[PDB]
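S.K.: Model the structure of this input:
(chains A, B, C, D and E, ligands or ions: 3)
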Amino acid sequence: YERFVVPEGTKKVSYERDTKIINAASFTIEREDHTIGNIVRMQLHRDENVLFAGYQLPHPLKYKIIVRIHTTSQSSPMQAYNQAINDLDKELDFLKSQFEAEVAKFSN
Amino acid sequence: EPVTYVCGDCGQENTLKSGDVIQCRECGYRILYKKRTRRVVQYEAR
Amino acid sequence: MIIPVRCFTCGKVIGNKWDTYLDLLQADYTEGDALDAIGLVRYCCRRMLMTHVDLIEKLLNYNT
Amino acid sequence: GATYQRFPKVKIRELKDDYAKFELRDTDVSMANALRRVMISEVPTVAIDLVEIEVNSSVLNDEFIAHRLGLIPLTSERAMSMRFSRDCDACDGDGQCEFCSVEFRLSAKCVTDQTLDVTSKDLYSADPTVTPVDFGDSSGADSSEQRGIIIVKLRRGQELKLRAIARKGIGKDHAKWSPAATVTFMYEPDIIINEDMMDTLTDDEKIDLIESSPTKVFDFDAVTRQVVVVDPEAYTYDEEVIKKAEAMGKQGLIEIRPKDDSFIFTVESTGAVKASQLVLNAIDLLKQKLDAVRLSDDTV
Amino acid sequence: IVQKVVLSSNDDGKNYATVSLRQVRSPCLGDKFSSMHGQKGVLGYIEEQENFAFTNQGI
Ligand SMILES: [Zn+2]
Ligand SMILES: [Zn+2]
Ligand SMILES: [Zn+2]
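M.R.: Numbers count the residues shown, from 1 in each chain, chains lettered A, B, ... in the order given. Ligands and ions are numbered 1, 2, ... in the order given. Sure, the structure comes next:
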């Protein structure tokens, strides 16, 4: 119904460049929960040039995430954000490969 | 269908007409339920 | 009234296990041995079978 | 674009049609929790979603019967390729369709004096052999009772004619679509029991502090007078053993540390979907969700 | 939803009419509950399943 995926007239992800601090932005993601925000922030903490990775829900009844990234120079929020998403996608590839391998050892 | 009212202890369909004294014929008891006709009804399994 | 499908806490389907539960208690088993025979390991389902009140029979007798 | 990528490992202990256990390691806790939450609430399943009752003359009511029909599990192996019925161009006729909206039928009546009960095996499905009612709890498994899920019981002048329409949904809309019925994981402990403190204290104290454990974790090897961890995976993190070691004042005796990796899953299923199919659909829906949130279009 | 219609009367013809409606309610966010020990409350927050704390059996 309307609780699920974002209707027409609103983006899925809305970017916002923070004003008062250099190397700082706030990614306001629609239609999510702790599932994606948690794995995104814990992938961000394994990076070198990142400084601050968190998410919070502006009301616990409403179904959206706001993520914040403070980074150093030699990078940006955009670079480390897309680095996080792509490396999580690669790990899900390698995990699906391992699981479909291990299913085959129940050989029928 | 007509109204087709059902008695309480007879079980017989009197098929009542315009307002008399409420009293089941073939007897004297005065219960007179109303029969459910054959319709459709919509429900959400929730 | 009838046994509920889907044990309220976890979600295992228990809606078919009622008559075999009555038969296992009918034979000679106690309730722990019966629930271990049907294979219900967590207590969220055991509390759902041991405390069920079956009221459909009293309704079937009082209709006509 | 550096590496920034950790390499998981899977090793399966047991695997049956509706059960699994695998020792996932070298991944973080949040990934395991993501797999758990997707398998409980995100993976879709076909279930009954609409009921038209033509005749009902039993002692139960309409919403009770519709509520029991909503919870009967249907086999959902074409549900990943079906579509949400709000997203279908066709099928605006409250009936059968081919990408959603399987239609069912049910009629039963008793003319004997033997108290006929209406079970799940009286639901006859149009669009057959793809979404029937589930039978694995009856046949192919000698678990409890082949009669299946009882819906109503009836007498002579009693009948029940209806027509149900199944659809597609996920567990966040209602509990009837969640195919999990158990999804959980746990850590696994690192137990580093000292041997130069264990030979100090006496044999009655040995057999006492082994006895204080509520699960059989340790074992008493009487032939060498020593103790032995025989099952780490039954430790439940309640500290009663180390608390009695504290009350006995022998510190540095045993220490127990949960390892950062090594997440032992335990996956069950209602029988609508197989277990390995649940894990693979979870990984695929995580990839679809990670796909739909990229800002790759505008780099600057 | 209408459940039944009952039409009775009295000795001096005083015709009586009875109509019963039916409803199904799930407990909403304002309802009151209690234990067996005089410890009552109001349901204030209905929470989805995967956010509760779970034990090693998954309860
Ligand atoms: Zn009469
Ligand atoms: Zn359970
Ligand atoms: Zn359609």
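
S.K.: Can you name the residues that contact residue 42?
M.R.: With no chain named, the answer covers chain A. Each residue near residue A:42 by CB atoms under 8 Å, 6 or more residues apart in numbering or on different chains is listed here: D:28, D:29, D:30. The C-beta positions use only the backbone N, C-alpha and C, and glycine is treated the same way.

S.K.: think we crossed wires, I meant chain D
M.R.: A:35, D:170, D:171, D:172, D:282, D:285.

S.K.: Can you name the helix or strand that the fourth one falls in?
M.R.: Residue D:172 belongs to no helix or strand when elements are defined using DSSP states H and E.

S.K.: Closest residue of chain A to ligand 2?
M.R.: residue A:35 (22.4 Å; CB to the ion).

S.K.: So residue B:1 sits against residue B:34, correct?
M.R.: No. Residue B:1 is not in contact with residue B:34 according to CB atoms under 8 Å; the separation is 11.6 Å.

S.K.: Turn the contacts of residue D:42 into TSV, columns for neighbour count.
M.R.: As requested, the contacts of residue D:42 are exported to TSV (neighbours: other CB atoms under 10 Å in any protein chain shown):
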residue	neighbour count
A:35	21
D:170	19
D:171	24
D:172	18
D:282	24
D:285	17
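
S.K.: Report the two of these separated the most.
M.R.: D:172 and D:282 (14.4 Å; CB to CB).

S.K.: follow-up on the earlier one: between residue B:1 and residue B:34, who's got more neighbours?
M.R.: Neighbour count, other CB atoms under 10 Å in any protein chain shown: between residue B:1 and residue B:34, residue B:34 has more, with 16 against 7.

S.K.: burial count for residue D:6?
M.R.: For residue D:6, the neighbour count with other CB under 10 Å is 15.

S.K.: Can you tell me which helices and strands the helix ranked longest in chain C packs against?
M.R.: For chain C, the helix with the greatest residue count under DSSP state H is helix C:18-27. For helix C:18-27, the packing partners by 3 or more CB pairs under 8 Å, 6 or more residues apart in numbering or on different chains; DSSP states H and E come out as helix C:31-38.

S.K.: what about the helix or strand just after the helix it packs on and chain E, any contact?
M.R.: Next helix or strand after helix C:31-38 toward the C-terminus (DSSP H and E): helix C:43-50. Yes. Using CB under 8 Å from any CB of the partner chain, helix C:43-50 reaches chain E at C:43, C:44.

S.K.: List the buried residues in the next helix or strand after helix C:43-50.
M.R.: Next along the chain after helix C:43-50, taking DSSP H and E as the criterion, comes helix C:56-61. Across helix C:56-61, burial judged by 16 or more other CB atoms under 10 Å in any protein chain shown covers residue C:56.

S.K.: which ones are touching the residue of chain A closest to ligand 2?
M.R.: Counting by CB under 8 Å, 6+ apart, residue A:35 touches D:33, D:34, D:37, D:38, D:42, D:289.

S.K.: What sits closest to the last one if chain neighbours are left out?
M.R.: It refers to residue D:289. The shortest distance from residue D:289 to any residue other than its chain neighbours is 6.0 Å, reached at residue A:36 (CB to CB, 6 or more residues apart in numbering or on different chains).

S.K.: Same check on the fourth one?
M.R.: In space, and not counting its chain neighbours, residue D:38 is closest to residue D:282: 4.4 Å by CB to CB, 6+ apart.

S.K.: same check, this time on the first one
M.R.: Among residues not flanking residue D:33 along the chain, residue A:38 sits closest, at 6.7 Å (CB to CB, 6+ apart).

S.K.: does residue D:151 count as helix, strand or coil?
M.R.: For residue D:151, the reduced secondary structure class is strand; criterion used: DSSP: H, G, I helix; E, B strand; the rest coil.

S.K.: number of nearby residues for it?
M.R.: 24.

S.K.: residues in contact with it?
M.R.: With contact set as CB under 8 Å, 6+ apart, residue D:151 has these partners: C:2, D:65, D:68, D:69, D:117, D:118, D:119, D:120, D:122.

S.K.: Save those residues as TSV, and put in neighbour count and distance to residue A:14 too.
M.R.: Output for the contacts of residue D:151, formatted as TSV (neighbours: other CB atoms under 10 Å in any protein chain shown; distance: CB to CB, whole Å):
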residue	neighbour count	distance to residue A:14
C:2	19	50
D:65	22	46
D:68	22	44
D:69	26	42
D:117	17	56
D:118	22	53
D:119	22	52
D:120	25	47
D:122	16	52
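
S.K.: wait, which of those is closest to residue D:176?
M.R.: residue D:69 (9.6 Å).

S.K.: Provide the contact partners of the regular element (helix or strand) spanning that closest one at residue level.
M.R.: Per DSSP H and E: residue D:69 is located in helix D:62-70. Helix D:62-70 has contacts (CB under 8 Å, 6+ apart) with B:41, B:43-46, C:1-2, C:5, C:15, D:47-49, D:51, D:53, D:56, D:58, D:149, D:151-152, D:160, D:162, D:164, D:174, D:176, E:1, E:24.

S.K.: picking that back up, can you tell me how far the residue of chain A closest to ligand 2 sits from residue D:189?
M.R.: Residue A:35 sits 27 Å away from residue D:189, going by CB to CB, to the nearest Å.

S.K.: burial count for residue E:41?
M.R.: Neighbour count for residue E:41, taken as other CB under 10 Å: 10.

S.K.: List the residues that contact it.
M.R.: So residue E:41 contacts E:32, E:33, E:34 (CB under 8 Å, 6+ apart).

S.K.: What angle do helix C:31-38 and the longest helix of chain C make with each other?
M.R.: Put simply, helix C:18-27 runs at 130 degrees to helix C:31-38, going by axes from the mean of the first three to the mean of the last three CA atoms, to 10 degrees.

S.K.: re the thing from before, which SS class is the residue nearest to residue D:33?
M.R.: Residue A:38 is classified as helix under three-state DSSP.

S.K.: Relative to residue E:43, how far out is the residue positioned nearest the centre of chain E?
M.R.: When CA atoms, centre = their mean is applied to chain E, the residue found nearest the centroid is residue E:25 (4.8 Å). Distance, residue E:25 to residue E:43, using CB to CB: 13 Å.

S.K.: one step back: then the helix holding residue D:69 to CSV, C-alphas only?
M.R.: Output of helix D:62-70 as CSV, limited to C-alpha atoms (Å, rounded to 0.1, in the frame of the first residue of the first chain):
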residue,chain,number,x,y,z
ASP,D,62,-17.3,-15.5,8.4
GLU,D,63,-14.2,-13.6,9.7
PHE,D,64,-13.1,-16.6,11.7
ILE,D,65,-13.1,-18.8,8.6
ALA,D,66,-11.5,-16.1,6.4
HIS,D,67,-8.8,-15.6,9.1
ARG,D,68,-8.1,-19.3,9.2
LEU,D,69,-7.9,-19.4,5.4
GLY,D,70,-5.4,-16.5,5.4
